[PDB]
Amino acid sequence: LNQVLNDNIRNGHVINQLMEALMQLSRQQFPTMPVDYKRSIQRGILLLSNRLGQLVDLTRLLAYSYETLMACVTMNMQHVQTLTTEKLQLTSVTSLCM
Amino acid sequence: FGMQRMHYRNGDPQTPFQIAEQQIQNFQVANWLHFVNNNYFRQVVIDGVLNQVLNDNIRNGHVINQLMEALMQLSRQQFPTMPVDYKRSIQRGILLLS
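Line by line, the protein sequences are chains A and B. Residue numbering for the first sequence follows the UniProt record's numbering, starting at 491 and increasing by one per position. Residue numbering for the second sequence follows the UniProt record's numbering, starting at 442 and increasing by one per position.
Shown next as structure tokens:
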């Protein structure tokens with residue numbers, strides 16, 4: 491028994507369905523907010539946007555690596571939360587994406 | 442024009458400029474890209490010696506205008522989904538070249 495992601499994630503097309511939405515986020519006027527906050531948010535979204543190809547390649551690589559590695563286990567697996575939880579900060583994720 | 446950024450795989454027979462020509466809608470920029478895509482040399486035999494000659498639109502230098510007009514269009518669009526400073530820097534560069 492194994493856990494497999496949806497087929498829309500392995501070919502990495504859904505990332506485009508992400509980016510388009512993010513692109514809409516760059517069109518609205520951002521009312522009830524100062525100009526500087528909008529400027530900073532636009533800077534962040536643009537920095538993440540210009541690296542679209544890097545994100546696509548990273549996601550496809552992650553999907554393939556997960557499938558190939560996980561196909562090498564021979565004990566049943568279940569999706570049940572356990573007591574001890576893994577700690578992971580998001581700054582490392584930002585570094586990986588950049 | 443604020444359209445979703447293209448992910449041109451490294452190795453397709455098509456070129457990024459060809460895809461851009463097949464994608465965008467505005468007139469002058471598409472015309473200039475189309476010119477830069479298929480602009481090939483012409484083989485001409487003169488005095489028993491084979492030579493490579495540029496297209497006649499390049500020697501009189503008129504095509505540069507067909508460049509600049511397109512660049513001028515680049516200074517008119519609002520550059521959505523981008524901060525103001527990035528637009529300012531790009532406009533400065535295009536103005537210095539113009």
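For each residue, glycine too, the CB sits at the ideal point set by N, CA and C.
- Residue pairing from DSSP leaves B/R500 without any beta-bridge partner.
- The straight-line gap separating the alpha-carbon atoms of B/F476 and B/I465 is approximately 15 Å.
- Between the stretch 515-525 of chain B and the stretch 531-550 of chain A there are three or more inter-stretch CB-CB distances shorter than 8 Å, so the stretches are counted as touching.
- For A/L536, the residues of chain B that pass the 9 Å Cβ criterion are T522, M523, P524 and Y527, in the order they occur in the chain.
- When DSSP reads this structure, B/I505 sits in no beta bridge, so it has no partner.
- Around the CB of A/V563, fewer than 16 other CB atoms lie within 10 Å, so the residue is classed as exposed.
- Cβ atoms of A/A553 and A/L508 stay farther apart than 8 Å, at about 15 Å.
- Put simply, the stretch 479-496 of chain B does not touch the stretch 538-557 of chain A. Fewer than three CB pairs are less than 8 Å apart.
- For A/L515, the nearest CB of chain B lies under 9 Å from its own CB, placing it at the interface with that chain.
- When DSSP states are grouped into helix, strand and coil, A/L495 belongs to the coil group.
- Against chain B, the beta carbon of A/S539 has neighbours under 8 Å at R446 and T522, listed in chain order.
- Membership of B/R517 in any beta strand (DSSP E) is not indicated, and neither H nor E is assigned to it by DSSP.
- At least one beta carbon of chain B lies nearer than 9 Å to the beta carbon of A/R533.
- The Cβ atoms of A/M588 and A/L512 do not sit closer than 9 Å to each other.
- Between B/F442 and B/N472, the C-beta gap is not smaller than 9 Å, which leaves the two residues out of contact.
- Just measuring C-alpha positions, the residue of A/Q493, A/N498 and A/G502 sitting nearest A/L551 is A/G502.
- Using a Cβ-Cβ cut-off of 9 Å, B/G443 counts as an interface residue toward chain A, since at least one Cβ of chain A sits closer than that to its own.
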